[PDB]
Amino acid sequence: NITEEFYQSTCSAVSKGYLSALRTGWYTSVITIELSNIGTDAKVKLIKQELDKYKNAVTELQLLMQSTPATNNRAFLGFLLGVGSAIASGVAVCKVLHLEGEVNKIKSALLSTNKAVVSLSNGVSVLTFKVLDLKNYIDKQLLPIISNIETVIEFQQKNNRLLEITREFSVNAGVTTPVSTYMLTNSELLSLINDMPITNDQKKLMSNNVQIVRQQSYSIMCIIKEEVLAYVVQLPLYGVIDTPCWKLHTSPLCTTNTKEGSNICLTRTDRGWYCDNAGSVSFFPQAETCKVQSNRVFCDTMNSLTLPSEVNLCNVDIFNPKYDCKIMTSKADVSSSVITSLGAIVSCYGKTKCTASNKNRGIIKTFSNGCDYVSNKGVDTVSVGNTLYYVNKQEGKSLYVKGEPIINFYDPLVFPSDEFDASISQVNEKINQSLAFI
């Protein structure tokens, strides 16, 4: 049940009713492909051509794995975030696979089965998968060599996966995300998730959202040694599930004076996704880092700040004494809209045409200067200047919470007009300094 409240006083809107799925950790599995260490007619020539693609793929992956895997790591409020190393857990597992005897343990565990748990030498208990046995196919079906065309067809089919895995790694420098169906087919991933040491709620959540799991996973090319090709697939652990989440939408709140350039603006800067988490609130300032599936929101705690739950008071009383609510100030009174979950915020200033329309009937509301809001019931589009926005047509109730725009409480003569990483208190602090000198 999605709902939404718009706050006329602060030109912001909160969408409630979502359930969390937060990636809090990683699980590393080792996916393996067993390799073969190895007068012409037309059908044998096609076999030699496909066999050469196989050798080249192996040679290509071996040349690729002469270097340690790595990505590119750093050194509205997104600049406040820290800097992780996303594949550091997978790379550490991959580093263990280079120790002597380590690959042999995996090779031995997968001798009689395709699915095995192996505890590596450093105590890490990883699930191991043999997804393709090219050794057994090439040795039992191609080493006999003249032959037939159904072997040519079948060999192209079994080799194609190796060639595609190699292509993906070649244009991604050994590290891919999302994890394609060549790295792990849909059935392999589902059975991997089923055999995973996770709870029953996590298995259902991951199985019902495999496409999201793929986007939150990495495939890390690891080693080719002793006829074994191994890459680490690093899967999300969802350690926070089904807690309340809400999306804060903000838009500029300006005065609407007639004289151009005499207008002052403020904007709440704490927009993003918010999820209750372990007694605090996980705040994701760049809401584009989260993916929404029905009422479930998938985020990654690496792109979050951990905040006191009092941050929610900015939505009811931005002047509350318990949390210093974050705002920016400006003079730029430019018009724009923010499409919310259940409606649209319109910040209409100057001489801009701002309307809301219905498909069949056309314009049904003309906005006046200021910040205003329309629900998605009976509305299909919104227009701000030359920009047409379609609104979301999801079901749910909106509440318009009336209140005076807080920008009216500020005297333009002492208003600090270029504050970015600011708050209610910092702006009051600067006002009182300009007031002292006059």
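Numbers for residues come from their place in the sequence shown, where the first is 1.
- Per the record, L99 and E100 follow each other directly, and no deposited residue is missing between them.
- Count the deposited residues lacking coordinates between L413 and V414 and you get none at all.
- The question of which stretch, 315-323 or 211-219, has the higher mean Cα B factor is settled in favour of 315-323.
- For the segment pair 239-247 and 156-164, the entry gives 156-164 the higher mean B-factor, averaged over Cα atoms.
- Out of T352, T181, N194, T366, it is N194 whose C-alpha atom has the highest B-factor in the PDB entry.
- Of the candidates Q141, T267, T176, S309, the PDB record gives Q141 the highest C-alpha temperature factor.
- In this PDB entry, the Cα temperature factor of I345 sits in the bottom third of its chain's modelled residues, the lowest group.
- In this PDB entry, the Cα temperature factor of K135 sits in the top third of its chain's modelled residues, the highest group.
- For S67, the recorded CA temperature factor ranks within the highest third of the chain's modelled residues.
- Placement of the Cα temperature factor of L19 within the chain: lowest third of the modelled residues, per the deposited record.
- In this PDB entry, the Cα temperature factor of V427 sits in the top third of its chain's modelled residues, the highest group.
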